[PDB]
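Asker: See work17.tsv below, with TSV, C-alpha atoms.
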chain	number	residue	atom	x	y	z
A	1	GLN	CA	-26.58	53.48	-12.32
A	2	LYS	CA	-29.64	51.90	-14.02
A	3	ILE	CA	-29.63	49.30	-16.82
A	4	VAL	CA	-32.92	48.21	-18.44
A	5	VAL	CA	-33.55	44.45	-18.51
A	6	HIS	CA	-35.98	42.97	-21.08
A	7	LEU	CA	-37.26	39.51	-20.04
A	8	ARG	CA	-38.09	37.61	-23.25
A	9	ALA	CA	-40.23	34.45	-22.90
A	10	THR	CA	-39.03	31.60	-25.14
A	11	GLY	CA	-39.95	27.97	-25.77
A	12	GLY	CA	-43.41	27.71	-24.17
A	13	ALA	CA	-42.48	29.58	-20.95
A	14	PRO	CA	-45.27	31.92	-19.72
A	15	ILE	CA	-45.36	35.61	-20.76
A	16	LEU	CA	-44.96	38.17	-17.95
A	17	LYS	CA	-47.34	41.05	-17.14
A	18	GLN	CA	-44.26	43.35	-16.94
A	19	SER	CA	-41.56	42.39	-19.45
A	20	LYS	CA	-39.06	45.19	-18.59
A	21	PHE	CA	-37.66	46.89	-15.49
A	22	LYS	CA	-34.73	49.20	-14.66
A	23	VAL	CA	-32.20	47.71	-12.24
A	24	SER	CA	-29.06	49.05	-10.52
A	25	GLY	CA	-26.04	47.34	-12.09
A	26	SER	CA	-24.36	46.58	-8.75
A	27	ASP	CA	-26.71	43.73	-7.70
A	28	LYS	CA	-25.77	40.13	-8.44
A	29	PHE	CA	-27.56	38.38	-11.31
A	30	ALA	CA	-29.18	35.96	-8.79
A	31	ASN	CA	-31.52	38.88	-7.93
A	32	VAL	CA	-32.87	38.80	-11.51
A	33	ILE	CA	-33.23	34.98	-11.53
A	34	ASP	CA	-34.96	34.87	-8.12
A	35	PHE	CA	-37.31	37.63	-9.33
A	36	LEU	CA	-38.34	35.53	-12.39
A	37	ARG	CA	-39.04	32.44	-10.27
A	38	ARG	CA	-41.15	34.53	-7.84
A	39	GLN	CA	-43.36	35.62	-10.78
A	40	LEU	CA	-43.44	32.28	-12.69
A	41	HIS	CA	-43.80	29.69	-9.85
A	42	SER	CA	-42.24	27.12	-12.23
A	43	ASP	CA	-39.98	24.28	-10.99
A	44	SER	CA	-37.87	24.28	-14.18
A	45	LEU	CA	-36.33	27.50	-15.45
A	46	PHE	CA	-33.38	28.13	-17.79
A	47	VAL	CA	-31.95	31.68	-18.03
A	48	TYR	CA	-29.53	32.39	-20.86
A	49	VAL	CA	-28.10	35.15	-23.05
A	50	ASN	CA	-26.85	35.08	-26.65
A	51	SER	CA	-23.09	34.98	-27.09
A	52	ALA	CA	-20.44	34.47	-29.79
A	53	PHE	CA	-18.02	31.52	-29.67
A	54	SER	CA	-14.75	31.27	-31.64
A	55	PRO	CA	-13.74	27.57	-31.90
A	56	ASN	CA	-10.08	26.45	-32.02
A	57	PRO	CA	-9.09	25.49	-35.62
A	58	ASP	CA	-7.93	22.11	-34.19
A	59	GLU	CA	-11.55	21.14	-33.36
A	60	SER	CA	-13.27	18.40	-35.40
A	61	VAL	CA	-16.30	19.60	-37.41
A	62	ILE	CA	-18.41	16.77	-35.88
A	63	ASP	CA	-17.77	17.86	-32.24
A	64	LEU	CA	-18.82	21.37	-33.26
A	65	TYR	CA	-21.99	20.07	-34.96
A	66	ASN	CA	-22.85	17.98	-31.86
A	67	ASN	CA	-22.69	21.14	-29.69
A	68	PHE	CA	-24.00	23.89	-32.04
A	69	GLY	CA	-25.57	21.91	-34.92
A	70	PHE	CA	-29.06	20.76	-35.90
A	71	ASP	CA	-30.68	18.81	-38.78
A	72	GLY	CA	-27.24	17.98	-40.28
A	73	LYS	CA	-26.42	21.68	-40.53
A	74	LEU	CA	-24.28	24.21	-38.65
A	75	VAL	CA	-24.39	27.96	-39.33
A	76	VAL	CA	-20.86	29.41	-39.10
A	77	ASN	CA	-20.43	33.19	-39.23
A	78	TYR	CA	-17.36	35.11	-40.40
A	79	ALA	CA	-16.22	38.75	-40.32
A	80	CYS	CA	-13.20	40.78	-41.44
A	81	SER	CA	-13.45	43.61	-38.87
A	82	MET	CA	-14.99	43.50	-35.34
B	1	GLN	CA	-22.91	12.06	-40.43
B	2	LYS	CA	-21.59	14.52	-43.07
B	3	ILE	CA	-22.47	18.13	-42.24
B	4	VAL	CA	-23.39	21.14	-44.41
B	5	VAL	CA	-21.81	24.35	-43.12
B	6	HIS	CA	-23.60	27.62	-43.93
B	7	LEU	CA	-21.33	30.71	-44.02
B	8	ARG	CA	-23.07	33.92	-42.90
B	9	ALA	CA	-21.09	37.14	-43.55
B	10	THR	CA	-21.42	39.54	-40.58
B	11	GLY	CA	-20.11	43.07	-39.85
B	12	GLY	CA	-19.85	44.12	-43.52
B	13	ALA	CA	-17.95	40.99	-44.63
B	14	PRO	CA	-17.68	40.26	-48.40
B	15	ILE	CA	-20.18	38.05	-50.25
B	16	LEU	CA	-19.43	34.43	-51.27
B	17	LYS	CA	-20.62	33.08	-54.66
B	18	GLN	CA	-21.73	29.88	-52.84
B	19	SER	CA	-22.26	30.23	-49.09
B	20	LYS	CA	-22.43	26.48	-48.20
B	21	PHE	CA	-20.13	23.47	-48.41
B	22	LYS	CA	-20.55	19.86	-47.28
B	23	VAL	CA	-17.81	18.46	-45.04
B	24	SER	CA	-16.89	15.18	-43.33
B	25	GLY	CA	-17.50	15.48	-39.57
B	26	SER	CA	-14.01	14.07	-38.97
B	27	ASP	CA	-12.40	17.11	-40.67
B	28	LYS	CA	-10.89	19.83	-38.47
B	29	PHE	CA	-12.58	23.25	-38.31
B	30	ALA	CA	-9.40	24.62	-40.00
B	31	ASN	CA	-10.82	23.15	-43.25
B	32	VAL	CA	-13.80	25.54	-42.98
B	33	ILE	CA	-11.56	28.54	-42.22
B	34	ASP	CA	-9.06	27.74	-45.01
B	35	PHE	CA	-12.01	27.37	-47.41
B	36	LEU	CA	-13.21	30.92	-46.56
B	37	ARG	CA	-9.73	32.41	-47.04
B	38	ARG	CA	-9.39	30.64	-50.43
B	39	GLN	CA	-12.59	32.41	-51.61
B	40	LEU	CA	-12.04	35.82	-49.89
B	41	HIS	CA	-8.26	36.54	-50.06
B	42	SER	CA	-8.67	38.72	-46.95
B	43	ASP	CA	-5.86	39.10	-44.36
B	44	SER	CA	-8.32	39.64	-41.49
B	45	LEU	CA	-10.98	37.02	-40.77
B	46	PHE	CA	-12.99	36.26	-37.60
B	47	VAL	CA	-14.89	32.92	-37.61
B	48	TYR	CA	-17.31	32.02	-34.83
B	49	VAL	CA	-20.55	30.19	-34.04
B	50	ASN	CA	-23.23	31.85	-31.89
B	51	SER	CA	-24.25	29.89	-28.83
B	52	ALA	CA	-26.36	30.40	-25.69
B	53	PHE	CA	-24.69	31.25	-22.39
B	54	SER	CA	-25.98	30.99	-18.80
B	55	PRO	CA	-23.97	33.45	-16.63
B	56	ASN	CA	-23.03	32.64	-13.03
B	57	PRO	CA	-25.38	34.20	-10.42
B	58	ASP	CA	-22.25	35.70	-8.72
B	59	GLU	CA	-21.70	38.04	-11.72
B	60	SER	CA	-22.35	41.80	-11.32
B	61	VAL	CA	-25.15	43.03	-13.62
B	62	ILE	CA	-22.84	45.77	-15.02
B	63	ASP	CA	-20.08	43.31	-16.10
B	64	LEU	CA	-22.80	41.28	-17.85
B	65	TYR	CA	-24.19	44.38	-19.61
B	66	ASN	CA	-20.66	45.33	-20.76
B	67	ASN	CA	-20.25	41.88	-22.38
B	68	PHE	CA	-23.81	41.04	-23.60
B	69	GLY	CA	-25.63	44.42	-23.37
B	70	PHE	CA	-26.31	47.20	-25.89
B	71	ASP	CA	-27.84	50.72	-25.88
B	72	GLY	CA	-28.25	50.67	-22.05
B	73	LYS	CA	-30.36	47.52	-22.32
B	74	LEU	CA	-29.75	43.87	-21.42
B	75	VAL	CA	-31.88	41.19	-23.09
B	76	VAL	CA	-32.21	38.02	-20.99
B	77	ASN	CA	-34.13	35.04	-22.41
B	78	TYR	CA	-35.78	32.45	-20.17
B	79	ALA	CA	-37.61	29.12	-20.55
B	80	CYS	CA	-39.17	26.39	-18.37
B	81	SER	CA	-38.45	23.43	-20.68
B	82	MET	CA	-36.19	22.73	-23.65
B	83	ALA	CA	-36.65	20.91	-26.92
B	84	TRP	CA	-33.98	18.20	-27.06
B	85	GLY	CA	-30.71	18.60	-28.98
C	1	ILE	CA	-40.76	53.78	-16.84
C	2	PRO	CA	-40.65	50.43	-14.90
C	3	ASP	CA	-38.49	49.92	-11.72
C	4	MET	CA	-37.62	46.39	-10.46
C	5	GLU	CA	-37.41	45.67	-6.68
Rewrite the structure of this file - the entire thing - as C-alpha cells.

Answerer:
Amino acid sequence: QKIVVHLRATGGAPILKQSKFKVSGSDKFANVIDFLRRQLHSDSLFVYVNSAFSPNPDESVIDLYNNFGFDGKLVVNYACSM
Amino acid sequence: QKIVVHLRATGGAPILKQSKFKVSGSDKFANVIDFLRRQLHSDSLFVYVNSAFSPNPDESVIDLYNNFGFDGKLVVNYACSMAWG
Amino acid sequence: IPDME
C-alpha cells in the first residue's frame, strides 16, 4: 500500500527538514503538492518528474532543439532493447 | 541556428566511433535516426529525448509510480523559480 | 521510517 516519495530540491528552492515520507498510493497527487506548499510557503512552485519522449521522425530538428535543446546542442539517446 | 546532436547509447546499445553530428535545424528528425542506423546496422532502435513532466493533480499516486517510479520509490523534483530556456 | 500525513 505504501510508496516512498523522495522530495529533491532543485534550482535554488529551499531544502526540507524531512526529504522522504511513505504515502498510500491511492491518494491524488494534489496531496503531495499541497504538502510541499505547506512546508515551503513559496508563491511559485514547479513540481516535475523525469520522463522519456520519443519524437515523430517527421519533426524538424529545430523545433526539437527549441523544446529540449540548450547552447546549440541537443542530447538524443538511442537503445536497441527496452 | 545549426545544431550539434549528441548520441548517448542507453540500455546496452552499441558504441559509435563518433557520437556527434552537426545538422541544419530545418532537417527532419528522421535524418538523425537514419544516421544512427547507417552506423549501427541494427534492426531494433529506440530514439528519444528525456524531458521533464508535470503530472496532473488528478492522477493516482500508484499510476504515477508505475510509470515514473522504481524500487518502491518515487522521486519528485520541485523548484520555486526557473532559469530561462 | 518516515510517514507523510

Asker: Using all atoms listed in the file, which residue out of A:32, A:79, A:16, A:9 lies closest to chain C?

Answerer: A:32

Asker: In Å to one decimal, how far is CA of residue 82 in chain B from CA of residue 62 in chain A?

Answerer: 22.4 Å

Asker: Please list as an MDAnalysis selection string every residue within 7 Å of residue 58 in chain B, counting only C-alpha atoms and excluding residues in the same chain fewer than 4 positions away.

Answerer: chainID A and resid 28:30

Asker: Just want the 8 Å neighbourhood of range 49-53 of chain B, counted on only C-alpha atoms, with same-chain residues fewer than 4 positions away dropped. Output as an MDAnalysis selection string.

Answerer: chainID A and resid 48:55 68 75:77

Asker: How would the residues just picked look written out with C-alpha atoms as a tab-separated table (two decimals), in the frame of the given file?

Answerer:
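Once written, part_25.tsv looks like this:
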chain	number	residue	atom	x	y	z
A	48	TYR	CA	-29.53	32.39	-20.86
A	49	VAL	CA	-28.10	35.15	-23.05
A	50	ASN	CA	-26.85	35.08	-26.65
A	51	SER	CA	-23.09	34.98	-27.09
A	52	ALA	CA	-20.44	34.47	-29.79
A	53	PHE	CA	-18.02	31.52	-29.67
A	54	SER	CA	-14.75	31.27	-31.64
A	55	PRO	CA	-13.74	27.57	-31.90
A	68	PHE	CA	-24.00	23.89	-32.04
A	75	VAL	CA	-24.39	27.96	-39.33
A	76	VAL	CA	-20.86	29.41	-39.10
A	77	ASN	CA	-20.43	33.19	-39.23

Asker: How close does each residue of chain A get to chain C, giving the shortest atom pair and distance in Å to one decimal for every residue with an atom at most 10 Å away, counting all atoms listed in the file, sorted by chain and residue number, as a tab-separated table?

Answerer:
residue	atom	partner	partner_atom	distance
A:2	CA	C:3	CA	9.4
A:4	CA	C:2	CA	8.8
A:5	CA	C:4	CA	9.2
A:18	CA	C:2	CA	8.2
A:19	CA	C:2	CA	9.3
A:20	CA	C:2	CA	6.6
A:21	CA	C:2	CA	4.7
A:22	CA	C:3	CA	4.8
A:23	CA	C:4	CA	5.9
A:24	CA	C:4	CA	9.0
A:31	CA	C:5	CA	9.1
A:32	CA	C:4	CA	9.0
A:35	CA	C:5	CA	8.5

Asker: Rounded to one decimal in Å, what is the spacing between CA of residue 11 in chain A and CA of residue 46 in chain A?

Answerer: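 Pair CA of residue 11 in chain A / CA of residue 46 in chain A returns 10.3 Å.
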
Asker: Would you pick out the contacts of residue 3 in chain B at 9 Å or less, using all atoms listed in the file, so that residues sharing its chain but fewer than 6 positions from it are not included, and give the list as a PyMOL selection string?

Answerer: (chain A and resi 61-62+65+69+71-74) or (chain B and resi 21-25)

Asker: To one decimal place, how far is CA of residue 13 in chain B from CA of residue 54 in chain B in Å?

Answerer: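 Computing the Euclidean distance for CA of residue 13 in chain B and CA of residue 54 in chain B yields 28.8 Å.
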
Asker: Could you write out as a PyMOL selection string the residues of chain B within 6 Å of chain A, counting all atoms listed in the file?

Answerer: chain B and resi 3-11+13+25-30+44-54+57-62+72-80

Asker: N, CA, C and O atoms are what I want for chain C; can you complete it accordingly and write them as a PDB file, keeping the file's coordinate frame?

Answerer:
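out.pdb, written as the output of this step:
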ATOM      1  N   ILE C   1     -41.923  53.864 -17.795  1.00  0.00           N
ATOM      2  CA  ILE C   1     -40.760  53.780 -16.840  1.00  0.00           C
ATOM      3  C   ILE C   1     -41.049  52.711 -15.784  1.00  0.00           C
ATOM      4  O   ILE C   1     -41.790  52.971 -14.836  1.00  0.00           O
ATOM      5  N   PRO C   2     -40.497  51.479 -15.916  1.00  0.00           N
ATOM      6  CA  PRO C   2     -40.650  50.430 -14.900  1.00  0.00           C
ATOM      7  C   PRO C   2     -39.400  50.273 -14.019  1.00  0.00           C
ATOM      8  O   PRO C   2     -38.288  50.357 -14.534  1.00  0.00           O
ATOM      9  N   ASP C   3     -39.594  50.046 -12.709  1.00  0.00           N
ATOM     10  CA  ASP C   3     -38.490  49.920 -11.720  1.00  0.00           C
ATOM     11  C   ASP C   3     -38.622  48.580 -10.982  1.00  0.00           C
ATOM     12  O   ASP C   3     -39.593  48.374 -10.258  1.00  0.00           O
ATOM     13  N   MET C   4     -37.640  47.681 -11.158  1.00  0.00           N
ATOM     14  CA  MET C   4     -37.620  46.390 -10.460  1.00  0.00           C
ATOM     15  C   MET C   4     -37.310  46.631  -8.983  1.00  0.00           C
ATOM     16  O   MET C   4     -36.721  47.659  -8.644  1.00  0.00           O
ATOM     17  N   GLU C   5     -37.729  45.692  -8.122  1.00  0.00           N
ATOM     18  CA  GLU C   5     -37.410  45.670  -6.680  1.00  0.00           C
ATOM     19  C   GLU C   5     -38.042  46.889  -6.000  1.00  0.00           C
ATOM     20  O   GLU C   5     -39.161  46.812  -5.496  1.00  0.00           O
TER      21      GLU C   5
END
